[PDB]
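**Q** This is work-v6.tsv (TSV, C-alpha atoms).
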chain	number	residue	atom	x	y	z
A	11	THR	CA	25.21	16.74	7.06
A	12	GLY	CA	24.41	13.07	6.55
A	13	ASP	CA	23.06	12.87	10.08
A	14	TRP	CA	19.98	10.93	8.86
A	15	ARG	CA	22.03	7.72	9.07
A	16	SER	CA	21.25	7.22	12.75
A	17	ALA	CA	17.54	6.87	11.99
A	18	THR	CA	15.99	3.47	12.51
A	19	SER	CA	12.44	4.12	11.27
A	20	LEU	CA	10.32	6.11	8.84
A	21	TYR	CA	9.09	8.25	11.73
A	22	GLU	CA	12.40	10.04	12.17
A	23	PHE	CA	12.04	11.79	8.79
A	24	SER	CA	10.26	14.83	7.47
A	25	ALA	CA	9.55	15.78	3.94
A	26	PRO	CA	7.67	18.59	2.22
A	27	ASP	CA	4.26	17.77	0.72
A	28	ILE	CA	3.33	18.83	-2.79
A	29	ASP	CA	1.98	22.18	-1.55
A	30	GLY	CA	5.39	22.87	0.07
A	31	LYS	CA	4.54	22.21	3.70
A	32	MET	CA	6.94	20.18	5.79
A	33	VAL	CA	5.30	16.93	6.91
A	34	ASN	CA	6.66	15.13	9.92
A	35	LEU	CA	6.40	11.49	8.89
A	36	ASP	CA	5.89	10.31	12.46
A	37	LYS	CA	2.26	11.13	11.65
A	38	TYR	CA	2.23	7.70	10.00
A	39	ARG	CA	3.01	5.96	13.27
A	40	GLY	CA	0.96	2.80	13.58
A	41	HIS	CA	-0.15	2.83	9.93
A	42	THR	CA	0.89	0.51	7.12
A	43	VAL	CA	2.70	2.64	4.51
A	44	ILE	CA	3.64	2.35	0.86
A	45	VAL	CA	6.30	4.84	-0.29
A	46	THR	CA	6.73	5.20	-4.04
A	47	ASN	CA	8.55	7.43	-6.50
A	48	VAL	CA	6.20	8.64	-9.25
A	49	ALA	CA	6.44	10.22	-12.71
A	50	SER	CA	3.84	11.53	-15.17
A	51	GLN	CA	5.46	10.56	-18.51
A	52	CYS	CA	6.30	6.91	-17.87
A	53	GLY	CA	4.97	3.91	-19.80
A	54	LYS	CA	3.68	2.59	-16.48
A	55	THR	CA	2.32	5.89	-15.08
A	56	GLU	CA	-1.28	4.87	-15.80
A	57	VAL	CA	-1.24	1.37	-14.35
A	58	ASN	CA	0.60	2.55	-11.25
A	59	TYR	CA	-1.62	5.53	-10.50
A	60	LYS	CA	-4.88	3.58	-11.21
A	61	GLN	CA	-3.81	0.69	-9.00
A	62	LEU	CA	-2.37	2.83	-6.17
A	63	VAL	CA	-5.66	4.71	-6.07
A	64	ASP	CA	-7.50	1.37	-5.98
A	65	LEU	CA	-5.34	0.20	-3.06
A	66	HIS	CA	-5.94	3.44	-1.18
A	67	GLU	CA	-9.71	3.39	-1.78
A	68	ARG	CA	-9.98	-0.16	-0.56
A	69	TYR	CA	-7.49	-0.11	2.31
A	70	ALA	CA	-7.27	3.39	3.77
A	71	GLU	CA	-9.94	2.30	6.19
A	72	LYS	CA	-7.64	-0.60	7.24
A	73	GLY	CA	-4.84	1.91	8.00
A	74	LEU	CA	-2.97	1.94	4.67
A	75	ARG	CA	-1.28	5.19	3.68
A	76	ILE	CA	0.47	5.90	0.39
A	77	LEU	CA	3.23	8.49	0.11
A	78	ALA	CA	4.03	9.54	-3.47
A	79	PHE	CA	7.30	11.35	-4.30
A	80	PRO	CA	7.64	12.75	-7.83
A	81	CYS	CA	11.09	12.29	-9.31
A	82	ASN	CA	12.58	13.43	-12.64
A	83	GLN	CA	15.74	11.23	-12.56
A	84	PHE	CA	14.33	8.46	-14.82
A	85	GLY	CA	14.21	9.54	-18.42
A	86	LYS	CA	13.21	13.06	-17.36
A	87	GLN	CA	9.66	11.69	-17.01
A	88	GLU	CA	8.55	14.18	-14.33
A	89	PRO	CA	9.59	17.50	-15.88
A	90	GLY	CA	6.69	19.56	-14.56
A	91	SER	CA	6.53	21.79	-11.57
A	92	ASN	CA	4.99	20.64	-8.31
A	93	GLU	CA	1.90	22.61	-9.26
A	94	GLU	CA	1.60	20.80	-12.61
A	95	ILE	CA	2.21	17.43	-10.92
A	96	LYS	CA	-0.58	18.07	-8.44
A	97	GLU	CA	-2.95	18.82	-11.37
A	98	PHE	CA	-1.84	15.69	-13.22
A	99	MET	CA	-2.69	13.36	-10.38
A	100	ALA	CA	-6.24	14.82	-10.25
A	101	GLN	CA	-7.20	12.96	-13.44
A	102	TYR	CA	-6.69	9.76	-11.41
A	103	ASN	CA	-8.62	11.00	-8.35
A	104	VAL	CA	-5.55	10.67	-6.13
A	105	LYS	CA	-6.52	11.14	-2.50
A	106	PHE	CA	-3.42	9.70	-0.82
A	107	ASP	CA	-0.47	11.80	0.19
A	108	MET	CA	1.43	13.72	-2.48
A	109	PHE	CA	4.91	15.12	-1.88
A	110	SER	CA	7.11	17.70	-3.51
A	111	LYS	CA	9.48	16.51	-6.23
A	112	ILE	CA	12.83	15.12	-5.06
A	113	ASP	CA	15.85	13.12	-6.19
A	114	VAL	CA	15.90	9.53	-4.97
A	115	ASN	CA	19.37	8.54	-6.18
A	116	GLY	CA	22.79	10.02	-5.75
A	117	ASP	CA	24.29	12.47	-3.35
A	118	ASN	CA	21.33	14.87	-3.65
A	119	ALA	CA	18.71	12.18	-2.86
A	120	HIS	CA	16.28	13.12	-0.15
A	121	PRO	CA	17.51	11.66	3.17
A	122	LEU	CA	14.35	9.54	3.43
A	123	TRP	CA	15.18	7.81	0.17
A	124	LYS	CA	18.83	7.34	1.08
A	125	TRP	CA	17.56	5.62	4.23
A	126	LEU	CA	14.92	3.48	2.54
A	127	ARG	CA	17.58	2.00	0.24
A	128	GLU	CA	19.91	1.14	3.16
A	129	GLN	CA	17.31	-0.94	4.99
A	130	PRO	CA	17.80	-4.71	5.36
A	131	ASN	CA	14.66	-5.26	3.31
A	132	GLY	CA	15.08	-2.04	1.30
A	133	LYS	CA	18.56	-2.46	-0.17
A	134	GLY	CA	17.91	-4.85	-3.08
A	135	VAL	CA	20.41	-7.38	-4.44
A	136	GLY	CA	23.58	-6.08	-6.15
A	137	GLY	CA	23.35	-2.41	-5.22
A	138	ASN	CA	20.43	-0.40	-3.89
A	139	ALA	CA	19.92	2.39	-6.46
A	140	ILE	CA	16.40	3.11	-7.57
A	141	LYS	CA	16.20	1.59	-11.02
A	142	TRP	CA	13.36	3.55	-12.59
A	143	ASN	CA	10.01	5.21	-11.92
A	144	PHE	CA	7.54	3.53	-9.53
A	145	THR	CA	9.72	1.63	-7.14
A	146	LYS	CA	7.63	0.85	-4.01
A	147	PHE	CA	8.59	0.25	-0.41
A	148	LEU	CA	6.20	-1.42	2.00
A	149	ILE	CA	6.62	-0.17	5.57
A	150	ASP	CA	5.13	-1.86	8.61
A	151	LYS	CA	3.28	-0.19	11.55
A	152	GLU	CA	6.58	0.32	13.41
A	153	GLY	CA	8.12	2.25	10.54
A	154	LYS	CA	10.41	-0.52	9.30
A	155	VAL	CA	10.88	-1.39	5.65
A	156	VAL	CA	9.51	-4.89	5.07
A	157	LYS	CA	9.57	-5.24	1.27
A	158	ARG	CA	10.79	-3.48	-1.88
A	159	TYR	CA	9.03	-3.76	-5.22
A	160	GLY	CA	10.67	-2.82	-8.50
A	161	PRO	CA	9.40	-0.63	-11.35
A	162	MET	CA	7.80	-3.62	-13.09
A	163	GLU	CA	5.87	-4.84	-10.03
A	164	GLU	CA	2.35	-3.43	-10.40
A	165	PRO	CA	0.81	-2.08	-7.18
A	166	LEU	CA	-1.88	-4.76	-7.20
A	167	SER	CA	0.95	-7.20	-6.64
A	168	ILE	CA	1.58	-5.57	-3.22
A	169	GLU	CA	-1.96	-6.49	-2.23
A	170	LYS	CA	-1.03	-10.11	-1.44
A	171	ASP	CA	1.53	-8.89	1.11
A	172	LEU	CA	-0.34	-5.96	2.57
A	173	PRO	CA	-3.06	-7.38	4.90
A	174	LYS	CA	-0.72	-9.59	6.96
A	175	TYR	CA	1.12	-6.40	8.04
A	176	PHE	CA	-2.21	-4.96	9.24
Using the file provided, produce a representation of the structure as structure tokens.
**A**
Amino acid sequence: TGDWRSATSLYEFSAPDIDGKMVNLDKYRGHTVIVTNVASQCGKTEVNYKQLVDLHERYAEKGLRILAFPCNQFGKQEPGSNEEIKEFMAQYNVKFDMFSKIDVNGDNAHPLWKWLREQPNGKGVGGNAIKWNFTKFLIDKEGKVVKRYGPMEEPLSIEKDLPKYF
């Protein structure tokens, strides 16, 4: 319907986790959140998964949550099923929150990702499309997008921004 456009925070959305269960994202109320689109066959798959796991291990106890959305729109680098994707992330000891595969660009993009890219701090410079695998959005404890990091920005580079939003 498009009726997601009236939302003004992360907490108005729901999305299915990687086991297929619908997660109401208002569960993240009051937490600091990173949302990222992931892929298993990307040149930066390893550095992003290793460093997202490191961020989660070190900062979950400070209220950080990480929401990972698989996406096959970037070089068909997430071709596997949700069950295969779940198995893949086990080699990295992923313990943050894993979601079912989605599109992030175009008319079929999941409404959460359409919304993320329309935010004042989520929309980028000359257009808001997701450029490639492992874009990250940093979301504050009120559910607002505060920063967007591109595919080349390694997760450890979010660390310098993260604690101030605690």
**Q** Could you list, as a PyMOL selection string, every residue within 8 Å of range 135-140 of chain A, counting only C-alpha atoms and ignoring same-chain residues fewer than 6 positions away?
**A** chain A and resi 114-115+127-128
**Q** Tell me which of A:77, A:20, A:25, A:126 sits closest to residue 158 in chain A, counting only C-alpha atoms.
**A**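 Selected residue with least distance to residue 158 in chain A: A:126.
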**Q** Would you please work out which residue, of A:56, A:64, A:36, A:164, is nearest to residue 98 in chain A when using all atoms listed in the file?
**A**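 That would be A:56, the residue with the smallest distance to residue 98 in chain A.
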**Q** Find the residue from A:168, A:108, A:162, A:48 that sits nearest to residue 27 in chain A; use only C-alpha atoms when measuring.
**A**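 Of all the options, A:108 lies closest to residue 27 in chain A.
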**Q** Considering only C-alpha atoms, state which residue in the set A:21, A:147, A:59, A:69 is at the smallest distance from residue 38 in chain A.
**A** A:21
**Q** Counting only C-alpha atoms, figure out which residue out of A:97, A:107, A:171, A:22 gets nearest to residue 70 in chain A.
**A**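 Looking at the shortest contact to residue 70 in chain A, the residue is A:107.
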**Q** Please determine the residues with any atom at most 12 Å from (-8.0, 2.2, -12.4) (coordinates as given in the file, with only C-alpha atoms counting) and report them as a PyMOL selection string.
**A** chain A and resi 55-67+101-104+164-166
**Q** Suppose you want the space between CA of residue 23 in chain A and CA of residue 37 in chain A; what is it in Å?
**A** 10.2 Å
**Q** When you look at residue 125 in chain A with a cut-off of 7 Å (counting all atoms listed in the file), what residues show up, excluding the ones that are within fewer than 4 positions of it in the same chain? I need them as an MDAnalysis selection string.
**A** chainID A and resid 15 121 129
**Q** Mind giving me the straight-line distance from CA of residue 176 in chain A to CA of residue 76 in chain A in Å, one decimal?
**A**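 Computed distance, CA of residue 176 in chain A to CA of residue 76 in chain A, equals 14.3 Å.
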**Q** Hey, which of A:110, A:83, A:17, A:160 ends up closest to residue 33 in chain A? Count all atoms listed in the file.
**A**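 Residue with the minimum atom-to-atom distance to residue 33 in chain A: A:110.
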**Q** Would you mind listing what lies within 12 Å of residue 142 in chain A as a PyMOL selection string, with all atoms listed in the file counted and same-chain residues fewer than 5 positions away left out?
**A** chain A and resi 46-49+52-55+80-88+113-115+159-163
**Q** To one decimal place in Å, what is the distance between CA of residue 99 in chain A and CA of residue 172 in chain A?
**A** 23.4 Å
